[PDB]
Amino acid sequence: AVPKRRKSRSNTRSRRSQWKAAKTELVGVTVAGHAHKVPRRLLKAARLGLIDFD
Amino acid sequence: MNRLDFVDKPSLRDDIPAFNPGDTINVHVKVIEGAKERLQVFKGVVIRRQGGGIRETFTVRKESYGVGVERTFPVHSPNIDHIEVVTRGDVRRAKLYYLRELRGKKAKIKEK
Amino acid sequence: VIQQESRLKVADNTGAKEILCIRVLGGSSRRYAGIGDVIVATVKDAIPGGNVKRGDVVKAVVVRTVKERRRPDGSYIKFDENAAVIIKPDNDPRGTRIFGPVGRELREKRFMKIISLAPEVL
Amino acid sequence: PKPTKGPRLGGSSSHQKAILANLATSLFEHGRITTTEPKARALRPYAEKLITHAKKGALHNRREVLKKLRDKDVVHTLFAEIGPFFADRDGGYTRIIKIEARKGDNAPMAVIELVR
Amino acid sequence: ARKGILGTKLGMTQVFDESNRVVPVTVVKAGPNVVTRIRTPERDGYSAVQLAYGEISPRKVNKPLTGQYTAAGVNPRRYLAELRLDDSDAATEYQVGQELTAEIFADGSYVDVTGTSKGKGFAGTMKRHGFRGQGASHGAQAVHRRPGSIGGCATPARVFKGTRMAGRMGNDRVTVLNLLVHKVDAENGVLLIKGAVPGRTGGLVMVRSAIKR
RNA sequence: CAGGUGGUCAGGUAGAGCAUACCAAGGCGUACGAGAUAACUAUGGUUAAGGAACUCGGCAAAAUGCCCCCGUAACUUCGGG
RNA sequence: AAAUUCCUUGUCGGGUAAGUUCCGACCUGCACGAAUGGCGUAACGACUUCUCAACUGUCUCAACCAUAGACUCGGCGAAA
RNA sequence: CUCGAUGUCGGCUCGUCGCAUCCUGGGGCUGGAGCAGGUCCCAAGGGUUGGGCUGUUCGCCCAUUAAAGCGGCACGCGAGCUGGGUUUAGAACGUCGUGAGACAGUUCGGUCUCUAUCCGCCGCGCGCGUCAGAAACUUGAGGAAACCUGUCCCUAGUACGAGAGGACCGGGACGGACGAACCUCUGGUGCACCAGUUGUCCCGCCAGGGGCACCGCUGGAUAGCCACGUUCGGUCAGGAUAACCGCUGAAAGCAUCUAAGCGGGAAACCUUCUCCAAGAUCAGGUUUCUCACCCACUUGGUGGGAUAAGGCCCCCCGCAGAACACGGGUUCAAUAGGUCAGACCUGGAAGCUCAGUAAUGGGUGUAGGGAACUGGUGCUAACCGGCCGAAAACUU
Ligand SMILES: [Mg+2]
Ligand SMILES: [Mg+2]
Ligand SMILES: [Mg+2]
Ligand SMILES: [Mg+2]
Ligand SMILES: [Mg+2]
Ligand SMILES: [Mg+2]
Ligand SMILES: [Mg+2]
Ligand SMILES: [Mg+2]
Ligand SMILES: [Mg+2]
Ligand SMILES: [Mg+2]
Ligand SMILES: [Mg+2]
Ligand SMILES: [Mg+2]
Ligand SMILES: [Mg+2]
Ligand SMILES: [Mg+2]
Ligand SMILES: [Mg+2]
Ligand SMILES: [Mg+2]
Ligand SMILES: [Mg+2]
Ligand SMILES: [Mg+2]
Ligand SMILES: [Mg+2]
Ligand SMILES: [Mg+2]
Ligand SMILES: [Mg+2]
Ligand SMILES: [Mg+2]
Ligand SMILES: [Mg+2]
Ligand SMILES: [Mg+2]
Ligand SMILES: [Mg+2]
Ligand SMILES: [Mg+2]
Ligand SMILES: [Mg+2]
Ligand SMILES: [Mg+2]
Ligand SMILES: [Mg+2]
Ligand SMILES: [Mg+2]
Ligand SMILES: [Mg+2]
Ligand SMILES: [Mg+2]
Ligand SMILES: [Mg+2]
Ligand SMILES: [Mg+2]
Ligand SMILES: [Mg+2]
Ligand SMILES: [Mg+2]
Ligand SMILES: [Mg+2]
Ligand SMILES: [Mg+2]
Ligand SMILES: [Mg+2]
Ligand SMILES: [Mg+2]
Ligand SMILES: [Mg+2]
Ligand SMILES: [Mg+2]
Ligand SMILES: [Mg+2]
Ligand SMILES: [Mg+2]
Ligand SMILES: [Mg+2]
Ligand SMILES: [Mg+2]
Ligand SMILES: [Mg+2]
Ligand SMILES: [Mg+2]
Ligand SMILES: [Mg+2]
Ligand SMILES: [Mg+2]
Ligand SMILES: [Mg+2]
Ligand SMILES: [Mg+2]
Ligand SMILES: [Mg+2]
Ligand SMILES: [Mg+2]
Ligand SMILES: [Mg+2]
Ligand SMILES: [Mg+2]
Ligand SMILES: [Mg+2]
Ligand SMILES: [Mg+2]
Ligand SMILES: [Mg+2]
Ligand SMILES: [Mg+2]
Ligand SMILES: [Mg+2]
Ligand SMILES: [Mg+2]
Ligand SMILES: [Mg+2]
Ligand SMILES: [Mg+2]
């Protein structure tokens, strides 16, 4: 099927606004006297030094 | 063990012999013909066990008048009076479904 | 189990050797025919010079079924060929005796003359 | 072990036996493997059932490991080093540690390593 | 007037009755319950009775729900449901804190057993509603399990409400009526109930005495 | 760009074979991925009892299948079939 | 009664439990016919048509399993 | 009305509606003895089969059934399927035309396109509202689904009838079709299960195994999912009624179901049974829990900050599942994996040893290998943590 008519501004901005990024949360890590922020799912590898903080 | 072994424990029957697929077995079945209570004998060849305790079944097989007939009883069924072991058997499988397509003298299971 | 277009061996001496199911009597749109069920049939093979001919429309009760049949005692029963006996309209066989064993479910369907002529009734 | 509920690793199920055979060879050889995370949840019941054959140490258990590992230089270190090291540990021989997901496909990654 | 109890589906097994027939049963641990609340018509508008069931650690129960058992003098349970009674001689036989066990049913009685059925996921039309499907050969281009038509034509230019389509099946509240209680087992807190019983093995099941009989 | 393009060389084990299966010499993993038991569609597999009752129609699928030895009909233009 | 027959599912015999199709005939050939050949014919056909044996998910009546998609996440990113 | 396109017959799948009713249900009249009928009245709740022939609708026929209803919806339904018929190009037969050709004559062959924007519909979430913030259990305004029926026995060979034949009303038993739940049994499936085996290559070789050949093929196969399987359902009783049957009774001293008034009365109607449901914006009810700060301004039912009860994200998973949701668990832990022991499937492992010229067979041994189902075990991962989140008053 093809679109019958073009959508209005109020109809194409309502759907497009629901395409967004779900931000993750961050916790505190102390490594070598330095503080950083990783997600909690990577909390073990930060303490094992397996996270390059760049 | 299972979760439901404290329910099936009073319904189990001791004094049932230890047979295997390939044996030849007499099975004494209680039959009610009106109000008579006679006792009919089924002599055949054990081909199957599908275990589980109270739910275990076996399948025997004979050749009545040129027509193969199977009966599938439950073990621990009180319609079986007593099972009596006649002849052992020397088989390699455990379900013996090749006996269904062999007639007559070619269904001879070995002795020991 | 037997439905329309099934071919059955015939377990008596009426001359018919193989019939072909047409209906399964006992209600409307009935699909299957176990042991002890009347069947309208058509005789597709017959011995030359007999009581029945090829092309007759007879009735018949099923006595042997390859599909397993549950009995109320927990047991099961399973024959190796499908067999029927041609009956009269008073539940009596047309022939004089029955070849092969027949099932015990003929005993509650009030077919008492077929059991007494059978060699072995299981 | 528990079979894979779902589509198998690498497409076919013939390929899943090959991927799990080459990851257990590399895990026993090095002691630490960086791989994707669903290929590391699958590895963990498969390598702990090859140390249990190695802890028993019989000939018949060695002939059973050789059904899965086609590398004799790592069957030796499984029966001479990895086997007797875990002799006083009742199961649980590996550890999965989650790493940053990799660029290019956002495939989440984990490391699987032996315990000590 | 209508007795009721809360239990757990433990599985199915078989058993043999007095005339040597086979009876497929379903073990339901109609466990020890406690009353914990009574609905009266001058306070609530109807008449019923709560029933608490199931062992739970007292730290998994939060502070609002812990207080509802404290005004009843009862240690907290896991599940809690009501037994809807009728308003004729309503609730004299229930008191708060009363123990209900599995031997309030007798052998040969009939029960209505209700629970939450098993999830079948997002199911199509030949599984959720028993459609026939089109043919599997003779040219049938890609319609082996599709529904086909769903309406008429330009009159009416709409699909009617209630049309049978695909979607999620299962997870429904299902009551199966008139099941025979084969044997009550007071030592184990076990009913043996003939036949199928809705739910997964381990789920919450309400057992009530039947009215159709 | 799943299409088209003439000629030469062409190993092993099984095999009648340049078929097919598995391999050598030598090449290649060919250029979006990671996941995930939804419906439905494609591509393959299996199915109790019945066996064309399907359908415009046995379409599709299933079946038959190799070597050696016996044996082989109507009809025929004497080759055949 | 045909690759020709409108009336027409002509009528008669055979085949199936039931045969508008099929095979054999009648002749009442709407409107066959002798090199725009008439009537036959062994062989041969990815032809048209009818029946039978064997076989099976075509079907009664569907159920399960794997894969490529569909669905989720990251990248690129069109069209009628 | 549509020619800058509104795609035709039948079948398939899925329906929905009317009653001009085929069956079942209720009645009047009868040239109704009974049994079965004829005709008319009321009634749409459900039910209404499988084949042969034809492209067929129509129609005949076979075998059944309680019956095999007649019609509307673009002669319902091709962005759902089919393409046999019809309406392209090929070819032939008959007839017409000197001919090209033609024939609501016949015959054989003949591409069925489309990634769903909007409304509709089946599902499932996010957001805010419900005058504080939360948690648990609920009433049901209003809707959805379901509604079919047979044979046999007893009452009784009684009522009726010269005979043949043969009941209404009540009571009981066993089925068919349909539906929903379910996996104990039967049966099917089984892509990390066990075993047999062919060809070939590799592991140095023998022995033992493995890769690939549709899972190479073959024999089985627990869990899960299922039907062919198990179990259950359509019930009982009330309320108001249709046709029809009355009671009392005038106008009209009689009579009349009616004008006042009161009853009987069916599968239709409303309750009762199962299910969804307070987004029912009148946004409900019973309870318990938190029941507390701090800062600034223009002192506002104002903005910020920090919390409580509680929840979410993350994590370990599920028989919960497209995402999301829902449910269990997080060291005070048996959630998953391991491990240990049972259950179950397979069918007697390797190694050694004995018998045999060998192929192979016996012993050690209900062996060994193994997944889902049950129970113990604190060994691996459930972590040393983030984000949300509580009240102007006033009138009687
Ligand atoms: Mg066993
Ligand atoms: Mg699986
Ligand atoms: Mg993929
Ligand atoms: Mg393979
Ligand atoms: Mg599921
Ligand atoms: Mg189908
Ligand atoms: Mg296509
Ligand atoms: Mg297809
Ligand atoms: Mg190219
Ligand atoms: Mg060429
Ligand atoms: Mg070669
Ligand atoms: Mg080749
Ligand atoms: Mg390329
Ligand atoms: Mg899939
Ligand atoms: Mg089949
Ligand atoms: Mg078969
Ligand atoms: Mg056949
Ligand atoms: Mg045929
Ligand atoms: Mg069909
Ligand atoms: Mg048909
Ligand atoms: Mg047909
Ligand atoms: Mg073909
Ligand atoms: Mg083929
Ligand atoms: Mg020929
Ligand atoms: Mg012809
Ligand atoms: Mg004719
Ligand atoms: Mg002819
Ligand atoms: Mg002429
Ligand atoms: Mg001439
Ligand atoms: Mg001429
Ligand atoms: Mg010619
Ligand atoms: Mg994307
Ligand atoms: Mg034009
Ligand atoms: Mg236009
Ligand atoms: Mg049409
Ligand atoms: Mg009417
Ligand atoms: Mg009448
Ligand atoms: Mg209707
Ligand atoms: Mg009603
Ligand atoms: Mg209609
Ligand atoms: Mg139409
Ligand atoms: Mg129509
Ligand atoms: Mg359309
Ligand atoms: Mg359209
Ligand atoms: Mg032409
Ligand atoms: Mg001319
Ligand atoms: Mg094509
Ligand atoms: Mg589409
Ligand atoms: Mg209501
Ligand atoms: Mg509303
Ligand atoms: Mg269902
Ligand atoms: Mg089981
Ligand atoms: Mg089974
Ligand atoms: Mg294996
Ligand atoms: Mg060897
Ligand atoms: Mg190779
Ligand atoms: Mg199973
Ligand atoms: Mg009533
Ligand atoms: Mg509710
Ligand atoms: Mg509320
Ligand atoms: Mg949660
Ligand atoms: Mg041995
Ligand atoms: Mg020797
Ligand atoms: Mg084990």
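Quick note: numbers below take in every heavy atom, side chains included, and nothing from hydrogens, waters or symmetry partners. Numbered from 1 within each chain, the chains take letters A, B, ... in sequence-line order.
If you check every strand for non-hydrogen atoms under 4.0 Å, C:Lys59 touches sugar and phosphate atoms only. Using a 4.0 Å heavy-atom distance criterion, E:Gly195 is classed as a sugar-phosphate-only contact. Looking at heavy-atom distances under 4.0 Å, C:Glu5 makes contact with a base. No contact: C:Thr65 has no heavy atom under 4.0 Å from any strand. Residue-level contact check: E:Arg158 touches the backbone only, with heavy atoms under 4.0 Å from sugar-phosphate atoms and none from bases. D:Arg89 comes within 4.0 angstrom of sugar-phosphate atoms only, judged by non-hydrogen atoms across all strands, and of no base. Residue E:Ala166 is in base contact, counting any heavy-atom pair closer than 4.0 Å across all strands shown. Contact annotation for E:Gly45: no contact, since no heavy-atom pair falls under 4.0 Å across all strands. When heavy atoms are screened at a 4.0 angstrom cut-off, D:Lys68 is found touching no nucleic acid atom at all. Using a 4.0 Å heavy-atom criterion, one finds that C:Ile22 contacts the bases of the nucleic acid, with or without backbone contacts as well.
Candidate nucleotides H:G385, H:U186, H:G338 were compared by shortest atom distance to the side chain of D:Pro1, and H:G338 ranks first. Distance from the side chain of D:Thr52 is smallest to H:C340 among H:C340, H:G176, H:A343. When distances are taken from the side chain of C:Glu68 to each of H:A350, H:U186, H:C232, the shortest belongs to H:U186. Here G:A63 is the nucleotide among H:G338, H:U184, G:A63 with the atom lying nearest to any side-chain atom of E:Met126. Residue E:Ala136 has its side chain nearest to G:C59 when only G:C59, H:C121, H:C182 are considered.
Nucleotide G:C30 shows a positive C1'-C2'-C3'-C4' value and thus a north, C3'-endo-like sugar.
E:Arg145 has no side-chain polar atom (N or O) that falls below the 4.0 Å cut-off from OP1 or OP2 of G:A62.
H:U39 is paired with H:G28 under the Watson-Crick or G-U wobble criterion, all donor-acceptor distances under 3.5 Å. The partner of H:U357 cannot be assigned: no Watson-Crick or G-U wobble pair with both contacts below 3.5 Å exists in any strand. Checking H:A141 for Watson-Crick or G-U wobble geometry (two distances, each under 3.5 Å) identifies no partner in any strand. In this structure, H:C73 forms a base pair with H:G15, meeting either the Watson-Crick or the G-U wobble geometry with both donor-acceptor distances under 3.5 Å. Figure legend. H:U298 is base-paired to no nucleotide; pairs are counted as Watson-Crick or G-U wobble with both atom distances under 3.5 Å.
Within residues 14-22 of chain D, no residue is approached by RNA chain F to less than 4.0 Å at the level of any non-hydrogen atom. Within residues 91-101 of chain B, the residues that have a heavy atom under 4.0 Å from RNA chain H are, in order of number, B:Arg92, B:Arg93, B:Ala94, B:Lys95, B:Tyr97. Taking every heavy atom of residues 103-116 of chain D and every atom of RNA chain H, no pair lies under 4.0 Å.
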Scan nucleotides 10-13 of chain H against the protein and return all N/O pairs shorter than 3.5 Å with their distances rounded to 0.1 Å.
residue : atom : partner  : partner atom : Å
H:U13   : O2'  : E:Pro147 : O            : 2.3
H:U13   : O2   : E:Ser149 : N            : 3.4

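Each of C:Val24 and D:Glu64 has a nearest nucleotide on RNA chain H; the 5'-most of these lies closest to C:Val24. Mapping D:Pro38 and E:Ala123 onto RNA chain F via the closest heavy atom, the residue that lands nearer the 5' end is D:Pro38. Of the two residues contacting RNA chain H, namely D:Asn61 and B:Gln50, the nearest-nucleotide position lying further toward the 5' end is that of B:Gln50. RNA chain F is contacted by both E:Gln141 and C:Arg7; E:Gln141 maps to the nucleotide lying nearer its 5′ end (nearest heavy atom per residue).
Stems are defined here as 3 or more consecutive Watson-Crick or G-U wobble pairs with pairing distances under 3.5 Å; those involving RNA chain F are F:11-14 with F:20-23, F:32-35 with G:71-74.
Atom P of nucleotide H:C174 and atom CZ of C:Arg110 are separated by 12 Å, given to the nearest angstrom.
Side-chain atoms of C:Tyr32 and base atoms of G:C61 include a donor and an acceptor less than 3.5 Å apart. Taking 3.5 Å as the limit, the base of H:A181 and the side chain of E:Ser117 contain no donor-acceptor pair of atoms between them. Donor-acceptor pairing under 3.5 Å, judged by distance alone, is present between the side chain of D:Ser13 and the base of H:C191.
Between B:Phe58 and B:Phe19, the ring planes are perpendicular. Angles over 60° get that label, and only those under 30° would be called parallel.
Here chain C contacts RNA chain F (any atom closer than 4.0 Å to a heavy atom, that is under 4.0 Å), and the contacts span F:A48 to F:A53 from 5' to 3'.
When atom types are taken as modelled, the side chain of E:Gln14 and the backbone of B:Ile54 share a donor-acceptor pair closer than 3.5 angstrom.
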For D:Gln16 and D:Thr4, what are the C-alpha separation, side-chain angles and deciding distance, and is it a side chain to side chain donor-acceptor pair (under 3.5 Å)?
CA-CA 10 Å; D:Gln16 197 189 9; D:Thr4 301; 2.8 Å; yes
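Both the sub-6.0 Å distance and the 45° axial angle are not jointly satisfied by D:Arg89 relative to the ring of D:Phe86.
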